[PDB]
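Counting in the deposited numbering, the sequence shown tops out at residue 304, every number present. Report on the structure given below.
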Amino acid sequence: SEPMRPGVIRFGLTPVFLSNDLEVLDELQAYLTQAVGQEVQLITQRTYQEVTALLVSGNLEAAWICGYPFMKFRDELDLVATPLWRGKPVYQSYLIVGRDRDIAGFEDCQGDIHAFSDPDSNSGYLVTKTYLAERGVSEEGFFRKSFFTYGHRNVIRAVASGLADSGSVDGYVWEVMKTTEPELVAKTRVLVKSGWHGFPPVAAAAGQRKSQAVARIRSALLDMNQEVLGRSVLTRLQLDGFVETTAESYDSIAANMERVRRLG
């Protein structure tokens with residue numbers, strides 16, 4: 041009950057997938073500082089589990105996490121805002137293979153070495169795990185080996201370089217990189233696209249509905265197109281902005297989590 045507050049407002053995220061990442065991070069840190077009206081520090085961690093645990097335990101004010109970890113810690117978290125990409129707050133998981141790989145569909149990946157992105161990513165893990173669960177298999181049964189690359193861009197590199205025969209990646213990442221690193225991406229192709237799911241949201245700890253810091257962060261995200269600097273960050277990410285959503289937008293993820301739970 042003695043309150044504990046941080047020395048600065050902290051916004052957590054996982055590493056940005058772009059090549060000029062320090063530039064995007066600097067502009068985003070500047071934007072949020074400018075919009076919130078006091079210093080904001082960006083805290084990057086490698087994995088979704090680390091970002092999420094920091095947020096749940098009160099060591100961040102907000103964080104950009106995946107819908108999967110959000111749904112896992114749903115009672116301890118509140119949604120702040122969801123990104124818009126190509127006009128909509130949704131995205132797909134892609135199952136990718138080498139550009140010239142001679143195969144017809146998903147079942148031909150049996151026996152592959154498979155690159156997943158993060159065990160707490162919807163698009164880098166859970167969707168593919170759902171395909172497998174529905175057919176009575178798990179990654180250890182279906183693939184000869186699988187591994188986590190801890191980044192979507194890294195899945196693409198692992199498949200492009202031939203260390204993995206197939207991989208599971210965020211379809212937003214793959215499409216954005218198709219334009220920013222076209223020579224890299226041209227070494228892969230999309231074998232399977234999933235259904236649409238809610239785009240990875242920004243969330244806050246549930247004890248913080250009343251927090252002035254959370255409210256200002258929320259307005260900063262929602263108003264990000266109103267400022268030159270905010271537009272600049274959005275342009276580099278190819279996002280359109282942020283919108284308000286509710287947990288219902290993440291129901292297709294929760295439904296897949298339940299399908300996977302019911303695998304033996």
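The beta carbon of each residue, even a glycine, is placed where N, CA and C say it ideally should be.
For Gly52 and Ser133, the gap between their C-alpha atoms comes out near 23 Å. Excluding the 5 residues flanking it on each side, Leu82 has same chain C-beta neighbours closer than 7 Å at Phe51, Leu53, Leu65, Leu68, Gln69, in chain order. Bounds of any beta strand (DSSP E) do not take in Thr168; it lies within the alpha helix (DSSP H) bounded by 167 to 174. Judged by DSSP secondary structure, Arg301 falls within the alpha helix (DSSP H) whose first and last residues are 291 to 301. C-alpha of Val216 to C-alpha of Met111: approximately 26 Å in a straight line. Nearest to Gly281 by alpha-carbon distance, out of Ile293, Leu262, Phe182, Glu298, is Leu262. Burial is judged here by how many other beta carbons sit within 10 angstroms of a residue's own beta carbon; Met44 has fewer than 16 and is exposed.
Counting along the chain, no beta strand (DSSP E) covers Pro222; the unbroken alpha helix (DSSP H) around it starts and ends at 222 to 225. Note on geometry: alpha-carbon atoms of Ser41 and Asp118 lie some 22 Å from one another.
Of the residues assessed, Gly202 falls on the exposed side of the cut-off, its CB having fewer than 16 other CB atoms within 10 angstroms. As summarised for the segment 253 to 281, there are no continuous beta strand (DSSP E) elements at least 3 residues long confined to that stretch. Going by DSSP, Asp61 is part of the alpha helix (DSSP H) stretching over 61 to 76. Of the other Cβ atoms in all chains shown, fewer than 16 fall within 10 Å of the Cβ of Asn60; this residue is therefore exposed. The Cβ neighbour count for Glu288, taken over all protein chains shown within 10 Å, is under 16; the residue is labelled exposed. Using a Cβ distance threshold of 7 Å, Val120 and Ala102 count as a contacting pair.
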